[PDB]
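S.K.:
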Amino acid sequence: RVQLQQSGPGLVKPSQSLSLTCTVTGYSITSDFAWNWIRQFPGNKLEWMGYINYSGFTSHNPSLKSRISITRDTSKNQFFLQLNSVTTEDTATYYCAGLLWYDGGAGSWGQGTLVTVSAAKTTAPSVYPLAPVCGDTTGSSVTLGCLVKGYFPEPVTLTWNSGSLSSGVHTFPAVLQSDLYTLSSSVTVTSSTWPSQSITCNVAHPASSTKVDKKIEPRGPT
Amino acid sequence: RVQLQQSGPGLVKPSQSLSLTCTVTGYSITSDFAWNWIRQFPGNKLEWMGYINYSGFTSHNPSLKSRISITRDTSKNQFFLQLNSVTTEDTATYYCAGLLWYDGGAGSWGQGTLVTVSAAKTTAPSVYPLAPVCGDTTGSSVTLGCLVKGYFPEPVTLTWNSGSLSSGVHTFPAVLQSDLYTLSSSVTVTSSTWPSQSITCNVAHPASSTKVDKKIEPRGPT
Amino acid sequence: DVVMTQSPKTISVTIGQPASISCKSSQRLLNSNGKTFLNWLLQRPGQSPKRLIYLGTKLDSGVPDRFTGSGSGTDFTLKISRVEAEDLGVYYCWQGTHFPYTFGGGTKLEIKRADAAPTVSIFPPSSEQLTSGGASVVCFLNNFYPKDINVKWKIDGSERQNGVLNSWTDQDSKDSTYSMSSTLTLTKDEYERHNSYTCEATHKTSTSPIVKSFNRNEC
Amino acid sequence: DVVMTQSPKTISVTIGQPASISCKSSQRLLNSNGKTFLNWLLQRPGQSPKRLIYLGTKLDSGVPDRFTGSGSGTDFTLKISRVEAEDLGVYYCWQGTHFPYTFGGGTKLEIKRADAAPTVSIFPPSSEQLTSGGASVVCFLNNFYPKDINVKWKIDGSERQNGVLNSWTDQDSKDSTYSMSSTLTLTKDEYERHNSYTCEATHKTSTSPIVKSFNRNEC
Ligand SMILES: C[Si](C)(c1ccccc1)[C@H]1CC[N@@+](C)([O-])CC1
Ligand SMILES: C[Si](C)(c1ccccc1)[C@H]1CC[N@@+](C)([O-])CC1
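Listed below in structure tokens is the structure:
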């Protein structure tokens, strides 16, 4: 099947140009589809920006008049978006999506890439480990945590044991404070597996090329 | 005739993507030419990056393998350059140029746009006026000056009286000091026209959206 | 432009039950070629919108037959024969008959399931954060239903509201429960000036609040 | 890749005189269609490269006939019947026969004209720069020929070399002269500790150096 994948900056400064790329696999872009760029704003409102179909024909929403350009590179099977003079209003989640030109079916969207328009400077995050106490290390199960504080811009991808520990995990949406994001995450396992088996918090923050691990070690005696 | 004009960022940070645009006027891009992107390095060495011809066909130098993409927007009669994972080595002057596909004649280049790959932060310039003394305000002619110190990145466009005073002008190449550029400019007029007629130094620095004027007023008594 | 009005805004449904949502367009969507470019999409929590219905009434590629689109003219309806846990998320309608193409406001489907009390856990600041001059007391309330829940912080018996930050996860697409994290941030000094730190949760699953706490110096 | 070797590296010529430059390719440039994709370009100071010769020996669009390209195989020559002031700049050859297309190293043509002494001017720091904690004494030496020139700074008679920065303009494409600016930067304090500031220029147009100076407190 067809699969799309977006890539681009996560942060762009006011008045600059936004440049995004969408790599397509499993189908030639010069056949059948309409390759669209759609964005989703904070309140979850969706807006169609435009497309370029299999024959290279383009069409874009008038709400973006003279600021948008959609091109393609048939050699690398990718299409692009160029948005000039961005302002904080352009902050949203950008998606690429292909729908069949003829009837609009077999539509496939990429994962989306967050784009922030701000003057604020990129700040790496701090990762603090959250170990329980001794009253919960004696019972049914155990909950461990990971605190990621003060970073910018979004997002950060967080995993436990580099991704092998997926179940019993909860990563909460980040909250903006002091122009810095804070996000927490908890993982739950059997009260008899930890600390026998190390549990590590892996935090990644693209905007600043940061990647730090944080092992969850027991408080007090170790 | 055909005329090209480049536009794009003046500063880009390491590992990011460079995105340039070339607007073409006086001829359709879907006819006859080969639309090229060429760059010139500090020592004035030229390198061919690639092209996209009238039929949309592309070709790029292997020295940029998998980092370059050249597309076009026939609707706005523009073509573009996308250069991924730039490093300080990518710092150069980027030009767009059209040559006839068939024989290589009628070639036309844009003015070029300086591109700097650095971590250094954008800094607006300081503009100090340079008035003579009283020993040269009594003689043949008179030379006035304008000092532009400590800015980044290049360039700054400097004019006298918003561009009406063009003759007898010398704007010297900037010199990099403390990761900050310094540039001076002198203008010469009849020893009897100044200060009867105000002379102003107009300094513009895109990277920081700065535009400041500096009138040249006589030292001491005024 | 052609405006797409969706209703209801939100909607709660028991698992194994049918559902039905509306999308009304301010302009006819059938074009001169007999086609009606109208699509229905489902955006599960954390995912991107995915296909369901195309051509106004046609089951899209690989979509469970449980979904059925219908209607014509300006009134379109999406139906689900029998809701499943993974059907939760926001449904959107999208018209491609009139340029510029526009989406509806979306309709959020909440899954209805049996009540579930929260598993609460509390965490003192980390040694590392402390040495940095900060202090955060984190409390987790996981896998509960319904979404409504009230958490209260108490420092040595007194309620504390300032400096508290909360964050909820969307309904889980597997068990249909909700989770939440409450965080109390204080200056290192104010933190070390007190001893008791409590996290109080009130939820319809118990008339008496769920309490979790700790005192500095112990574990 | 096909390497293009240009010679000489630089070159000086009197106005009204002929010139001739070379470009040698490491590989034949004639292709299977009888064409030789070889172009000659001139990049005047501050401008972008501009067309001259195409197809190895063909006068390009709107180019003065004074320019003539010739040669075949791997040896190509550019000739100028009689140099004019605006012919100064760097000449480049560019081959489009072998992918990837490459340029030569360029050849710089300097114009020969009558000697011309420099018009020197000196400038004390500005009130504004002073209040900022800085001090720059700027000196200009405009429209001189030849390029060779030596400027010396003296603070109260003693030579000063540290903190001096110079910048030269390329040969002027109209009068063929050169200009230069010399700047002495000092701390506000060191500047206010001295009285005499002199700018000394030595140039073949006078055996005695051109001197310009000023003393704080006057004008
Ligand atoms: C933009 Si869309 C892929 C499309 C949009 C919404 C619903 C179904 C199809 C299609 C493209 C071809 N037409 C002729 O432009 C009609 C709209
Ligand atoms: C890249 Si160019 C416009 C060209 C380059 C240098 C000199 C003359 C022509 C030309 C394009 C068509 N071919 C067949 O690729 C040969 C080179």
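Chains as they are written, first to last, in this note's numbering: chain A, 1 to 222; chain B, 1 to 222; chain C, 1 to 219; chain D, 1 to 219. Every residue, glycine too, gets a C-beta built ideally from N, C-alpha and C.
For ligand 2, is there a heavy atom less than 7 Å away from the beta-carbon of B:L20?
M.R.: Position 20 of the second sequence, counted from the first residue, corresponds to residue 20 of chain B. No; taking the cut-off as 7 Å, the Cβ of B:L20 has no heavy atom of ligand 2 nearer than that.
S.K.: Can you tell me whether DSSP reads B:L144 as helix, strand or coil?
M.R.: The residue given as residue 144 of chain B occupies position 144 in the second sequence. Looking at B:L144 - three-state DSSP - the assignment turns out to be strand.
S.K.: So the beta strand (DSSP E) B:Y181 belongs to, where does it begin and stop?
M.R.: The sequence position of residue 181 of chain B within the second sequence is 181, counting from 1. Taken as a continuous stretch (DSSP letters only), the beta strand (DSSP E) holding B:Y181 covers 180-190.
S.K.: When you compare the segment 102-119 of chain B with the segment 51-68 of chain B, are there three or more beta-carbon pairs, one atom per stretch, that lie closer than 8 Å?
M.R.: Segments in contact, no.
S.K.: Tell me, please, which residues DSSP counts as bridged to B:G43.
M.R.: Counting from one through the second sequence, the residue named residue 43 of chain B turns up at place 43. Answer is none; B:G43 lacks a bridge partner.
S.K.: Measuring alpha carbon to alpha carbon, tell me which of D:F140, D:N162, D:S20 ends up nearest D:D75.
M.R.: The residue labelled residue 75 of chain D in the question sits at position 75 within the fourth sequence. The shortest C-alpha separation from D:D75 is found at D:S20.
S.K.: Report yes if the C-beta distance between D:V120 and D:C93 is below 8 Å; otherwise report no.
M.R.: The residue labelled residue 120 of chain D in the question sits at position 120 within the fourth sequence. The residue labelled residue 93 of chain D in the question sits at position 93 within the fourth sequence. The answer is no: Cβ separation not under 8 Å.
S.K.: Kindly give me the distance between the Cβ atoms of C:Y91 and A:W48, rounded to whole angstroms, as I take these residues to be in contact under 8 Å.
M.R.: Here residue 91 of chain C is taken as the residue at index 91 of the third sequence, counted from 1. Here residue 48 of chain A is taken as the residue at index 48 of the first sequence, counted from 1. The Cβ separation is near 17 Å, so there is no contact.
S.K.: Would you say the beta carbon of C:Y92 is closer than 7 Å to some non-hydrogen atom of ligand 1?
M.R.: By one-based count along the third sequence, residue 92 of chain C stands at place 92. Answer for C:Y92: no, Cβ out of range of ligand 1.
S.K.: Throw me the rounded Cβ distance for the C:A135 and C:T185 pair, which I believe falls under 8 Å.
M.R.: Indexing the third sequence from 1 puts residue 135 of chain C at position 135. Indexing the third sequence from 1 puts residue 185 of chain C at position 185. Going by Cβ atoms, the distance from C:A135 to C:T185 rounds to 7 Å, so yes, they are a contact pair.
S.K.: Hey, would you say the C-beta of B:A34 is under 7 Å away from at least one heavy atom of ligand 2?
M.R.: By one-based count along the second sequence, residue 34 of chain B stands at place 34. B:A34 Cβ: within cutoff of ligand 2.
S.K.: Can you tell me whether A:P153 is helix, strand or coil according to DSSP?
M.R.: Locating residue 153 of chain A in the first sequence gives position 153, counting from the first residue. If DSSP states are grouped into helix, strand and coil, A:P153 belongs with coil.
S.K.: For ligand 2, is there any heavy atom lying closer than 7 Å to the beta carbon of A:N53?
M.R.: Here residue 53 of chain A refers to the residue found at position 53 when the first sequence is read from its first residue. Incorrect: A:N53 has no Cβ contact closer than 7 Å to ligand 2.
S.K.: Using a Cβ-Cβ distance cut-off of 8 Å, determine whether D:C219 contacts chain B.
M.R.: Start at 1 with the first residue of the fourth sequence, and residue 219 of chain D comes out as number 219. Output row for D:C219: interface = yes.
S.K.: So if I threshold CB-CB distances at 9 Å, which residues from the segment 61-90 of chain B count as touching chain A?
M.R.: From the segment 61-90 of chain B, only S66, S69, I70, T71, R72, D73, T74, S75, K76, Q78, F79, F80, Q82, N84 have a Cβ closer than 9 Å to chain A.
S.K.: Identify, in the order they occur along the chain, each residue of the same chain with its Cβ nearer than 7 Å to the Cβ of A:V156, setting aside the five sequence neighbours on each side.
M.R.: Position 156 of the first sequence, counting from 1, holds the residue named residue 156 of chain A. The answer, listed in chain order, is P125, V148, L183, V203, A204, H205.
S.K.: Answer with buried or exposed for A:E89, where buried requires no fewer than 16 other C-beta atoms within 10 angstroms of its C-beta.
M.R.: Counting from one through the first sequence, the residue named residue 89 of chain A turns up at place 89. So A:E89 ends up on the exposed side.
S.K.: List the residues of chain B whose Cβ lies closer than 8 Å to the Cβ of D:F99, in chain order.
M.R.: In the fourth sequence, residue 99 of chain D corresponds to position 99, counting from 1. Residues of chain B passing the Cβ test: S59.
S.K.: Restricting to Cα atoms, I'd like to know which of B:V187, B:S164, B:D179 is closest to B:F172.
M.R.: In the second sequence, counting from the first residue as 1, residue 172 of chain B sits at position 172. Here the closest residue by C-alpha is B:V187.
S.K.: I'd like the span of the beta strand (DSSP E) that includes B:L114, first residue to last.
M.R.: Mapped onto the second sequence, residue 114 of chain B falls at position 114. Segment 113-117, the beta strand (DSSP E) holding B:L114.
S.K.: Within 8 Å (strictly less), CB to CB, does A:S192 reach chain B?
M.R.: In the first sequence, the residue the question calls residue 192 of chain A occupies position 192. No, A:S192 does not count as interfacial toward chain B.
S.K.: Applying a beta-carbon distance threshold of less than 8 Å, which residues of chain B neighbour A:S19?
M.R.: Numbered from its first residue, the first sequence carries residue 19 of chain A at position 19. Chain B residues near A:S19: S17, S19, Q82.
S.K.: Name the one or two DSSP bridge partners that A:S17 has.
M.R.: The count along the first sequence starts at 1 and reaches residue 17 of chain A at position 17. Paired residues: none, contrary to the question.
S.K.: For ligand 2, is there any heavy atom lying closer than 7 Å to the beta carbon of D:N39?
M.R.: In the fourth sequence, counting from the first residue as 1, residue 39 of chain D sits at position 39. D:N39: yes, Cβ under 7 Å from ligand 2.
S.K.: Quick check on this structure: which residue in C:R160, C:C219, C:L42 has the alpha carbon closest to the alpha carbon of A:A131?
M.R.: As a working mapping, residue 131 of chain A is identified with position 131 in the first sequence. Of the listed residues, the one whose Cα sits closest to A:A131 is C:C219.
S.K.: Output needed in chain order: residues of the segment 172-184 of chain D with a Cβ under 8 Å from some Cβ in chain B.
M.R.: Per Cβ criterion, the list reads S179, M180, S181, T183.
S.K.: My output table needs one value for B:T222: the three-state DSSP class, helix, strand or coil.
M.R.: Reading the second sequence from its first residue, position 222 is the one you call residue 222 of chain B. In the structure shown, B:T222 sits in coil (DSSP, three-state: anything other than H, G, I, E or B).
S.K.: Since A:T113 and A:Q6 should fall inside the 8 Å C-beta cutoff, what is the C-beta to C-beta distance between them, to a whole number of angstroms?
M.R.: For the purposes of this step, residue 113 of chain A is identified with residue 113 of the first sequence, where counting begins at 1. For the purposes of this step, residue 6 of chain A is identified with residue 6 of the first sequence, where counting begins at 1. Indeed, because the Cβ distance is near 4 Å, the residues count as touching under 8 Å.
S.K.: Select from D:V211, D:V2, D:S22 the residue whose C-alpha is nearest the C-alpha of D:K108.
M.R.: The residue given as residue 108 of chain D occupies position 108 in the fourth sequence. Comparing Cα-Cα distances from D:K108 to each of D:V211, D:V2, D:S22, the minimum goes to D:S22.
S.K.: Does any CB atom of chain C fall closer than 8 Å to the CB of A:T113?
M.R.: Walking along the first sequence from the start, residue 113 of chain A turns up at place 113. Not closer than 8 Å to any Cβ of chain C, the Cβ of A:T113 fails to qualify, so no.
S.K.: Bridge partners for D:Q161 per DSSP, in chain order?
M.R.: Translated into positions along the fourth sequence, residue 161 of chain D becomes position 161. D:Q161 pairs with nothing; no bridge assigned.
S.K.: What residue does the alpha helix (DSSP H) around D:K188 start on, and which one ends it?
M.R.: If you number the fourth sequence from 1, residue 188 of chain D lands on position 188. Here the alpha helix (DSSP H) through D:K188 covers 188-192.
S.K.: Within 8 Å, do at least three Cβ pairs link the segment 35-51 of chain C to the segment 92-107 of chain A?
M.R.: Contact between the segment 92-107 of chain A and the segment 35-51 of chain C is present, because at least three Cβ pairs lie under 8 Å.
S.K.: When DSSP labels each residue in this structure, what does D:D1 get in the three-state scheme?
M.R.: Indexing the fourth sequence from 1 puts residue 1 of chain D at position 1. It is coil, neither helix nor strand.
S.K.: Using alpha carbons as the reference points, say which of C:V3, C:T205, C:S181, C:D87 lies closest to C:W168.
M.R.: Taking the third sequence and counting its residues from 1, the one referred to as residue 168 of chain C is at position 168. Taking only the C-alpha atoms, the option nearest C:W168 is C:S181.
S.K.: According to DSSP, which residues form a beta bridge with B:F172?
M.R.: Here residue 172 of chain B refers to the residue found at position 172 of the second sequence. Answer is none; B:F172 lacks a bridge partner.
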